Amino acid sequence: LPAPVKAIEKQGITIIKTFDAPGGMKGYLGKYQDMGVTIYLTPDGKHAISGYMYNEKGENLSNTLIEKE
Amino acid sequence: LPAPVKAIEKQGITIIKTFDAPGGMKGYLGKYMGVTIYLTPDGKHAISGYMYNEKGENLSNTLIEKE
């Protein structure tokens, strides 16, 4: 895994799968205490943002993905 | 305010300040308790949450701490 995602994994998040997200972000689906989490890697491969991505229509894309799984 | 940020705003987040974030993201500091929102370079997507660096430091916490 990319460094920030690997570092997050070492802090108790299990990484489940990767996905391509919009805005040039690479997505990682993980779990923290049996709850789904989405982590987004910046283009440089060096930073990652754990949280919820919203689009131009106000859709919470992360919820969509986590709920689907 | 970008469209995706307006949509987080609707959930009871007030936007206070912008900042330059690593990884080429545009940062927005808001309040609910401090929150950080990161806009993608295309300006059409935004992520409410916490940014971590290469060694797993939570960068958002530090920023929110300083306000």
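Chains as they are written, first to last, in the entry's author numbering: chain A, 3 to 71; chain B, 3 to 34, 37 to 71.
Every residue, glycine too, gets a C-beta built ideally from N, C-alpha and C.
Measuring alpha carbon to alpha carbon, tell me which of the options ends up nearest residue i.
| i | options | result |
| --- | --- | --- |
| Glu71/B | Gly60/B, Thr40/B and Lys8/B | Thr40/B |
| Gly38/B | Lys28/B, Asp46/B and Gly14/B | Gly14/B |
| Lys28/B | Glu58/B, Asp46/B and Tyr34/B | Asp46/B |
| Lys12/B | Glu61/A, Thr44/A, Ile68/A and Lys33/A | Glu61/A |
| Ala5/A | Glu69/A, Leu43/A and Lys59/A | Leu43/A |
| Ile68/A | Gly25/A, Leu3/A and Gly32/A | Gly32/A |
| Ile18/B | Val7/B, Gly26/B and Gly25/B | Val7/B |
| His49/B | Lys48/A, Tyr56/A and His49/A | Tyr56/A |
So, with DSSP's three-state summary, where would you put residue i?
| i | result |
| --- | --- |
| residue 99/B | Here chain B comprises residues numbered 3 to 71, so residue 99/B is not present and cannot be evaluated. |
| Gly53/B | strand |
| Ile68/A | helix |
| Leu3/A | coil |
| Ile10/A | helix |
| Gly60/A | coil |
| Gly38/B | strand |
| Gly29/A | strand |
Could you tell me how far apart the beta carbons of residue i and residue j are, in whole angstroms, since I believe they sit closer than 8 Å?
| i | j | result |
| --- | --- | --- |
| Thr20/A | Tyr30/A | 6 Å |
| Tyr54/B | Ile51/A | 7 Å |
| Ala9/A | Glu58/B | 7 Å |
Could you tell me whether the Cβ of residue i comes closer than 8 Å to any Cβ of chain B?
| i | result |
| --- | --- |
| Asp46/A | yes |
| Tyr42/A | yes |
| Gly26/A | yes |
Using a Cβ-Cβ cut-off of 8 Å, state whether residue i counts as contacting chain A.
| i | result |
| --- | --- |
| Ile51/B | yes |
| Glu58/B | yes |
| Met37/B | no |
| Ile10/B | yes |
| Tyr34/B | no |
| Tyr30/B | no |
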